[PDB]
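Heads up: the structure comes next, in structure tokens.
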Amino acid sequence: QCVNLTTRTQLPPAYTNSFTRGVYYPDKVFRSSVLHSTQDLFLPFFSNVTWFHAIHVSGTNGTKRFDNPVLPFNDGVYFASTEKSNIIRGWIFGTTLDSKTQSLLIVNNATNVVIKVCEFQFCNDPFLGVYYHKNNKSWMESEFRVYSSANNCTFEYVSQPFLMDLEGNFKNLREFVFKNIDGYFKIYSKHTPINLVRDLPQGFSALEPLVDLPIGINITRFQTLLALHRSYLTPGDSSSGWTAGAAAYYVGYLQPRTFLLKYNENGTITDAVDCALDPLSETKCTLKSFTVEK
Amino acid sequence: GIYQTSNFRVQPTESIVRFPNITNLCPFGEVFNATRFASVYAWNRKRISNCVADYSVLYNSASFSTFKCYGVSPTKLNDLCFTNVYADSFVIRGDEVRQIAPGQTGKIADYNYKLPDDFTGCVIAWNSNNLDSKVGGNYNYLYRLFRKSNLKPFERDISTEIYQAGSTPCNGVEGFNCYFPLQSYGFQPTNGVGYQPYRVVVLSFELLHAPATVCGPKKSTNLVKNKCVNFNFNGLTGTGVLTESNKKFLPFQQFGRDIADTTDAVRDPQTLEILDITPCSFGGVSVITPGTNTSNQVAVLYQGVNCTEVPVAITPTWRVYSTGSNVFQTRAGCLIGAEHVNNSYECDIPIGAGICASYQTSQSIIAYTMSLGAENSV
Amino acid sequence: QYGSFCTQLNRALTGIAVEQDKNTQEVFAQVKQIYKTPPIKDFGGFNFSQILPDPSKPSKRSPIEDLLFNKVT
Amino acid sequence: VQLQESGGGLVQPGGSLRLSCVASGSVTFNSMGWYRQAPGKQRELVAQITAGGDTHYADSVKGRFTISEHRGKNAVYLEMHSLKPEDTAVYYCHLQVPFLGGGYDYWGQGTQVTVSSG
Amino acid sequence: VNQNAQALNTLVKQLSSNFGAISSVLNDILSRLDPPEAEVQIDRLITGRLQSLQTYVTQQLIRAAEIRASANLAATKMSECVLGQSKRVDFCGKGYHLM
Amino acid sequence: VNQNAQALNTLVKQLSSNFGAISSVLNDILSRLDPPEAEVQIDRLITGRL
Ligand SMILES: *[C@@H]1O[C@H](CO)[C@@H](O[C@@H]2O[C@H](CO)[C@@H](O)[C@H](O)[C@H]2NC(C)=O)[C@H](O)[C@H]1NC(C)=O
Ligand SMILES: *[C@@H]1O[C@H](CO)[C@@H](O[C@@H]2O[C@H](CO)[C@@H](O)[C@H](O)[C@H]2NC(C)=O)[C@H](O)[C@H]1NC(C)=O
Ligand SMILES: *[C@@H]1O[C@H](CO)[C@@H](O)[C@H](O)[C@H]1NC(C)=O
Ligand SMILES: *[C@@H]1O[C@H](CO)[C@@H](O)[C@H](O)[C@H]1NC(C)=O
Ligand SMILES: *[C@@H]1O[C@H](CO)[C@@H](O)[C@H](O)[C@H]1NC(C)=O
Ligand SMILES: *[C@@H]1O[C@H](CO)[C@@H](O)[C@H](O)[C@H]1NC(C)=O
Ligand SMILES: *[C@@H]1O[C@H](CO)[C@@H](O)[C@H](O)[C@H]1NC(C)=O
Ligand SMILES: *[C@@H]1O[C@H](CO)[C@@H](O)[C@H](O)[C@H]1NC(C)=O
Ligand SMILES: *[C@@H]1O[C@H](CO)[C@@H](O)[C@H](O)[C@H]1NC(C)=O
Ligand SMILES: *[C@@H]1O[C@H](CO)[C@@H](O)[C@H](O)[C@H]1NC(C)=O
Ligand SMILES: *[C@@H]1O[C@H](CO)[C@@H](O)[C@H](O)[C@H]1NC(C)=O
Ligand SMILES: *[C@@H]1O[C@H](CO)[C@@H](O)[C@H](O)[C@H]1NC(C)=O
């Protein structure tokens, strides 16, 4: 079942740059030591990505809230997460997010990842509660509070059981690209170690495909599932969420662009340019090189 | 002089076939033998994958009225491989069977089933007079007559809103300029042939660069390496010599392209190994000859080829024209029919890379390095 | 069915190929004998080592010729 | 699509099979284990090997089957010995590619390894 | 050198075009269709590739003519500046020619 | 002299090709077909000869 959240408060949203971030392999072909110009839906360079803090802190005392608003899904979404204790736990997709129409769910409810395509009855605030210290001993105990009723489970995938064990500055970056074309749902992903970053740093990494799914439904909006380190009635002393909002995630939107990918001798993408970014990139794309003479 | 007389190429000595290890049977009966086929506006979708499909049975069943195939011949459907097959079925009158072809405008074509202009696949239609027609009439099959706009290709419209023909809003209530969203079919045995029930099934194939799962009935041979052989990997055919490549393929990749028009590498479907593809051999054939004044002996140059391969390149099968005449490689190829000589002379019949040929004393064609002139010292 | 469109293309390419050798021959083969400098370099104080062939090098090229050969890809 | 696996083989009881669920390329994981399934019963663990080197074994697999891995080849390798007909099953290899902190195993692509004397 | 390489690269890249056909690879057309329509597609491919070859040959002829003019100038300079001493102004460099 | 003669000979000999039409003779096509398809054949010949 679903239960409510008490304290909300407000804080104006933040934004961040996305310089050279969110490049994936377009096709399934091997290239060596050649730069090749493709045309697909990429995240434009120097884009303005909305910034969400996982624990919407009003003040570092312990006054909190979840920041998981329903967001649009326009021709794909680039999703990145910076966290150190696995607060982010999946997403829900669909059009109306109710029992009227089908909706896809990809939730990692601790034990195993569960993909389902059913007509769920989603509540206003989907969250997974964690009783990490609620019980006498110190151990994680999960909770599933996403939907109310599930029907027409056309698709179903479950994973073999696994347990997360930790036993506090080793933050991790997890980039995701979601795309829905011709009735197929695509997921690209990458993992990168990082330490002591306020937001996503600059650099470059190419996202490799992870799965292609024949869901074949209509997607217009989506939401996010977050781990509730507290309870809802009376969690504890204070500072219910971990580290007062250090966990955070960013959302960007893909657009039809034209990139000039550069493959090295091992076949991995190392650099790229955005042709429609500035005149110098136009010159580089027309000249088909990364360096231009006078 | 020297005359470019033809071109030569090593002939393929073998043909191999490699297909995936799937050993299932596609459920073509269920889509075709189904007792109840869908309405025109709604139709159905049944994906087919991970099974072999014997299209010969459907072609020679002779129980189907039409077998018009777009973008692929029905006879060659067995040899091809597809990622997946989409099967859709519904019930159409006899006269409206034509509106299933692409690039045509009609009520069924515009408001019920629009096929794309670049449509690959086939349509199967056959009469169902004794199945879908009743004496009292089968009215369970619906008709869409009036829509706001033309439907996109492969798009399903289920909304049953009462459309507005006039300026007044129907507001979900029938009346003036407000009609029933889906008219019914008059399927009775008394109706004519053009009004008899026809069951229509459309098969759409996806010929995409991706792993295949609906390969037809064929056998896989063994991998022969280091020879010119015809290959057929997952449906793509060609000719070349295949060796062991060291290119580090990523797990999701299948091919390899360096100049973007040639597949230099490929992955074997059964054993996930990567082997590169190279063209077998080709070159020009030139005939070095003195005038028909001097003699009739000739020499042949195979331009730019390693000529351990020459005897088996391509009845006019001289091959090694004069095996006694010591064959020897030059930078232009290897010369057959001429004898190598240490003495240097002024060039008269150029060959290439400083090598020149001449006819002299008994008399025969010789090959030598050209001399730049008499030596002198002031 | 297009007739002899193919033969003319090969004929033109062969003509170009022959013309290239004609160009090189007409430029460089202007001397009918091969002359060699004496081993003694008594040229009155004129030092021709930069342009004279270098026997130490595996290829009998001048230093300047080697610079030119390396400067062009 | 990522990874793929292939292979298999029929065998008479008392023999030994060497099947590697050959990886389609260099991949990252945390526990690349071997599973099996015969019709009539649910799918069971056989044995697993992690990146560190721990080799977990089921109750009925000690002393008969061992798993090795070739880093330079990128393949797990279960060395199966002293086959019995009860071992007959369609054999698979799940992959532990980290997704949302671990998950989305790739055991779906498997092999058929049946032990029978006829 | 760059002009020759770029012309050859463009000629090779022109083999990836459809020219109105359904596929740029002749083998797929041959293995997918029947002769009555295989001919229809192969004619489009043939016309496109023939036009590409003709363009390449014409540009090669023009460039070869220019190269021949340059080589004639080089031969004249070798005859006059090197094998003799020329009085022509600025033919063998700026200043009074010596050798 | 030989280049000029060979060029003119090739140009003249090119009139014997079909270029995909039924025949290379103009009057043969004109004396067997009605205008709707005779025009198609004439266009093929015209393209080739141009
Ligand atoms: C907390 O308030 C109510 C009480 O549980 C939650 O329930 C919804 O409340 C809204 C009005 O705020 C109604 O329109 C919905 O019909 C209610 N749905 C259900 C299932 O009760 C509401 O979701 C919670 N709101 C927040 C912001 O957490
Ligand atoms: C001619 O010039 C060359 C320089 O090009 C002289 O070679 C130099 O010789 C001195 C001592 O013999 C060395 O220290 C230099 O390093 C040499 N230079 C080079 C570039 O090799 C050569 O000795 C001169 N010959 C005569 C006869 O004067
Ligand atoms: C980009 O984000 C900043 C937040 O720092 C905001 O002030 C600005 O209006 C945004 N501009 C665009 C074009 O999104
Ligand atoms: C808790 O911290 C917040 C943030 O600075 C502050 O506004 C609030 O006054 C603090 N409360 C107490 C009791 O110190
Ligand atoms: C998906 O549903 C929405 C309604 O929420 C609709 O506006 C949109 O057009 C639909 N998309 C497709 C591709 O049908
Ligand atoms: C996780 O999801 C699976 C699948 O629905 C379920 O069987 C299991 O009980 C869930 N675990 C928790 C802790 O909610
Ligand atoms: C979904 O399930 C409900 C019953 O829970 C049923 O009434 C409905 O027809 C089903 N719809 C589909 C599309 O399966
Ligand atoms: C329907 O099924 C029967 C047996 O299951 C088979 O003999 C028959 O050929 C099928 N119908 C068609 C049209 O193939
Ligand atoms: C599967 O592949 C193996 C070798 O990769 C081969 O020996 C075997 O015959 C194949 N399966 C079938 C049913 O042919
Ligand atoms: C070619 O052969 C004939 C036949 O003996 C001879 O008379 C003629 O002079 C020859 N041509 C030359 C150029 O010597
Ligand atoms: C090709 O020719 C070279 C000599 O130029 C020789 O070393 C080599 O063995 C030849 N290759 C084959 C396959 O015979
Ligand atoms: C030339 O003479 C050398 C010995 O000096 C010998 O090795 C070589 O085979 C000779 N070549 C020919 C073509 O006579």
Side-chain angles (χ1 to χ4, degrees), chain A residues 182-183, chain B residues 26 28 31-32 40 43-49 53-92 94-126 150-156 198-210 212 214-216 235, chain E residues 18-45:
Chain A
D182 63 78
Chain B
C26 295
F28 272 140
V31 292
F32 282 130
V40 195
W43 40 282
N44 270 332
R45 173 128 294 180
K46 272 204 183 183
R47 312 169 20 61
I48 304 181
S49 61
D54 311 359
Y55 301 84
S56 65
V57 172
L58 288 293
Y59 195 27
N60 68 1
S61 67
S63 61
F64 301 122
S65 66
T66 70
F67 221 115
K68 192 46 179 340
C69 269
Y70 313 146
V72 48
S73 193
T75 206
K76 300 195 173 190
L77 277 166
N78 289 323
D79 276 41
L80 288 170
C81 284
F82 326 97
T83 315
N84 63 8
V85 178
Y86 284 137
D88 312 327
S89 56
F90 44 82
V91 180
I92 289 331
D95 305 328
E96 297 167 335
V97 175
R98 293 182 183 174
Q99 308 186 354
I100 281 49
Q104 286 187 339
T105 57
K107 180 51 66 65
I108 322 299
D110 299 324
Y111 285 168
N112 304 136
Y113 227 64
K114 167 63 67 176
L115 291 197
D117 313 322
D118 315 322
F119 170 68
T120 183
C122 308
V123 63
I124 300 302
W126 86 101
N150 275 7
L151 279 179
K152 292 83 46 186
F154 293 143
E155 158 66 17
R156 178 187 295 180
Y198 284 66
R199 284 182 177 180
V200 153
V201 176
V202 286
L203 297 179
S204 147
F205 306 103
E206 295 185 3
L207 294 159
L208 303 183
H209 299 289
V214 199
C215 285
Chain E
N18 298 331
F19 307 109
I22 59 172
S23 183
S24 61
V25 182
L26 210 86
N27 254 321
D28 305 75
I29 297 168
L30 228 45
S31 168
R32 185 182 295 276
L33 289 178
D34 282 339
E37 308 83 2
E39 290 191 7
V40 180
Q41 321 286 54
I42 289 172
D43 289 39
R44 312 209 47 141
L45 284 187

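The sequence lines fix the lettering, A, B, ..., with proteins before strands; numbering per chain opens at 1. Excluded from the calculations below are hydrogen atoms, water molecules and symmetry mates; all remaining heavy atoms, backbone and side chain alike, are included.
In B/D54, the CG atom is crowded: over 12 heavy atoms of neighbouring residues, nucleotides or ligands sit closer than 6.0 Å.
Every residue two or more places apart in sequence or in another chain was checked for a side chain to side chain donor-acceptor pair (under 3.5 Å) with B/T105, and none qualifies. Remark: B/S49 engages B/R47, B/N84, B/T213 in a side-chain contact (heavy atoms from CB on, under 4.5 Å) (not counting sequence neighbours). Taking B/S56 as the reference, B/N78 meet the side-chain contact (heavy atoms from CB on, under 4.5 Å) condition, with sequence neighbours excluded. For the side-chain contact (heavy atoms from CB on, under 4.5 Å) test, residues two or more places apart in sequence or in another chain that qualify with B/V31 are B/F28, B/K46, B/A87.
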Side-chain polar contacts of residues 68-76 of chain B - donor-acceptor pairs under 3.5 angstrom, sequence neighbours left out - could you list them?
| from | atom 1 | to | atom 2 | distance (Å) |
| --- | --- | --- | --- | --- |
| B/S73 | OG | E/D34 | OD1 | 3.2 |
| B/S73 | OG | E/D34 | OD2 | 2.4 |
| B/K76 | NZ | E/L30 | O | 2.8 |
| B/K76 | NZ | E/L33 | O | 3.3 |

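Expressed to the nearest 0.5 Å, how far CZ of B/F205 lies from OG1 of B/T120 amounts to 7.0 Å. Atoms CG and CG, on B/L203 and B/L58 in that order, are 7.5 Å from each other to the nearest 0.5 Å. Between the CD atom in B/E155 and the CG atom in B/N112 there is a gap of 12.5 Å [rounded to 0.5 Å]. To the nearest 0.5 Å, the span separating CD on B/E206 from CG on A/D182 amounts to 6.5 Å. The CG atom of E/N18 sits 9.5 Å away from atom CZ of E/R44, with the distance rounded to the nearest 0.5 Å. Rounded to the nearest 0.5 angstrom, B/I108 CD1 and B/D95 CG are separated by 10.5 Å.
Under the 4.5 Å side-chain criterion, counting only non-hydrogen atoms from C-beta, E/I29 is in contact with E/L45. When side chains are defined from C-beta on, B/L115 counts as touching B/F154, because their heavy atoms get closer than 4.5 Å. Inter-residue side-chain proximity for B/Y86 and B/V202 is flagged as unmet; no heavy-atom pair is nearer than 4.5 Å. Between B/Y111 and B/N150, some side-chain heavy-atom pair lies under the 4.5 Å cut-off.
In this structure, B/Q104 contributes its side chain and B/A109 its backbone to no donor-acceptor pair below 3.5 Å.
A pairwise comparison of heavy atoms in E/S23 and E/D28 identifies OG-CB, 4.2 Å as the closest pair. Residues B/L77 and B/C122 share a closest heavy-atom pair of CD1-SG, 4.4 Å. The two residues B/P116 and B/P153 make their nearest non-hydrogen contact at N-CB, 3.6 Å. A pairwise comparison of heavy atoms in B/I92 and B/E96 identifies CG2-CB, 3.5 Å as the closest pair. B/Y59 and B/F67 make their closest contact through CA-CE1, 3.5 Å (heavy atoms, listed as atom of the first residue, atom of the second, distance).
Applying the salt bridge (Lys or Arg N to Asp or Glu O under 4.0 Å) test to residues at least two apart or on different chains, the pairs with a partner in residues 77-90 of chain B are B/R45-B/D88, B/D79-B/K218.
The aromatic rings of B/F32 and B/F64 lie tilted to each other, with the angle between the two planes from 30° to 60°.
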Mind running side chain to side chain contact (heavy atoms under 4.5 Å, CB included) on B/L80 and E/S31 for me, showing each step along the way? CA-CA 8 Å; B/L80 288 170; E/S31 168; 4.2 Å; yes
